Each structure stands twice: as structure tokens, then as C-alpha cells.
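Have a look at the structure below, then the notes.
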Amino acid sequence: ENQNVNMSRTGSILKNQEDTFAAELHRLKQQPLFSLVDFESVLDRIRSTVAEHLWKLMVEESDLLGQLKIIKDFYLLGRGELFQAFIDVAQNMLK
Amino acid sequence: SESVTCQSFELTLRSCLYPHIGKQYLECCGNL
């Protein structure tokens, strides 16, 4: 809601799910006999379909294949020779 | 009808009016 509603996780510009959410609201607003199953089943529908949509956002907005093996090559070290050159310079000055 | 498709409720009506201001605010800044 901060950055932009074209990226939004639910989808409400590009997609027409937010009117299905409005229908979901109409049915569950004035239900007399309150229950627990009726509350929790539609917490699936607002989440699962919605939850792949931010996923197809950040694959093509920030890498999801790139960055999580790359940030480990810097921490768990997957560039040993290119970091041996460091250990040589750092021996002589971490005494 | 019923207002229950709108939520909640008057600040949603102001945040449609904030793009009404935009279409005049971006288009004045174009002639500048």
C-alpha cells in the first residue's frame, strides 16, 4: 500500500479478486450462529491463490534463483580460490 | 443497495478523490 497498488499481493487493480473478497465479506458479516469452520475455510481462499501472486512478482523483480545461492557464496563460501587471496593478505594483519 | 462493498468507508472515498487531485496536479506540472 506503501509502494504501489500494481504490485499488490492480493491483486485489486490487474485482477478482480477484490470483488470476490467483497462477496466473501457479504456472506460472513450477518451469519447468526457463529462458527469456527466457516471462519477458517475462507482464510485459505484469501491466502493460497494470493500467495503465488507475490511470488511471480519477486521472481521478476529481485531474483529468487540468483540471490539466495549468491548470498551463501559470500557466507558459506562457494568461491574458495578467490577468497584464498584474502586469507593471504589477512594473515599478515589479523595478528 | 448496502455499503459493505466499501470499507472502511469515508477515507476510501477520500483516497479516490486523491487521484482526482493527481490528474490535475500532474497535468498542471506538464505545462510548467
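In the C-alpha cells, the first chain shown is A, the next is B, and so on; residue numbers restart at 1 for each chain, and ligands run from 1 in the order shown.
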**Request:** Up to 12 Å from chain A, what residues of chain B turn up? Count only C-alpha atoms and give them as number ranges by chain.
**Result:** B: 2-7, 15
Output of the above residues as a compact mmCIF listing (two decimals), in the first residue's frame, restricted to C-alpha atoms:
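out.txt written:
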# COMPACT_ATOMS: atom_id res chain seq x y z
CA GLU B 2 -25.82 -1.60 1.05
CA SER B 3 -22.46 -0.19 1.76
CA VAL B 4 -20.42 -3.23 2.70
CA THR B 5 -18.61 -3.42 -0.63
CA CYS B 6 -16.91 -0.32 0.66
CA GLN B 7 -14.77 -0.49 3.66
CA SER B 15 -8.43 8.07 -1.39
**Asked** If you run DSSP on the backbone, which residues of chain B are alpha helix (DSSP H), as a ChimeraX atom specification?
**Response** /B:10-31
**Message:** What's the separation between CA of residue 39 in chain A and CA of residue 53 in chain A, in Å to one decimal place?
**Reply:**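 CA of residue 39 in chain A sits 23.1 Å away from CA of residue 53 in chain A.
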Write out as an mmCIF file with N, CA, C and O atoms, in the first residue's frame which residues come within 8 Å of range 45-50 of chain A when counting only C-alpha atoms, dropping same-chain ones fewer than 6 positions away.
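The result, stored in part_30.cif:
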data_model
loop_
_atom_site.group_PDB
_atom_site.id
_atom_site.type_symbol
_atom_site.label_atom_id
_atom_site.label_comp_id
_atom_site.auth_asym_id
_atom_site.auth_seq_id
_atom_site.Cartn_x
_atom_site.Cartn_y
_atom_site.Cartn_z
ATOM 1 N N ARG A 9 -0.285 -7.725 -3.283
ATOM 2 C CA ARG A 9 -0.202 -9.175 -3.050
ATOM 3 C C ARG A 9 -1.457 -9.905 -3.299
ATOM 4 O O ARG A 9 -1.443 -11.022 -3.774
ATOM 5 N N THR A 10 -2.622 -9.211 -3.019
ATOM 6 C CA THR A 10 -3.935 -9.772 -3.178
ATOM 7 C C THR A 10 -4.166 -9.704 -4.712
ATOM 8 O O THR A 10 -4.540 -10.705 -5.272
ATOM 9 N N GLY A 11 -3.956 -8.468 -5.301
ATOM 10 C CA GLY A 11 -4.305 -8.071 -6.593
ATOM 11 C C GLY A 11 -5.650 -7.458 -6.593
ATOM 12 O O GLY A 11 -6.595 -8.070 -6.138
ATOM 13 N N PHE A 21 -13.493 -11.034 -2.688
ATOM 14 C CA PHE A 21 -13.342 -10.780 -1.291
ATOM 15 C C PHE A 21 -14.552 -10.000 -0.695
ATOM 16 O O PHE A 21 -14.993 -10.286 0.439
#
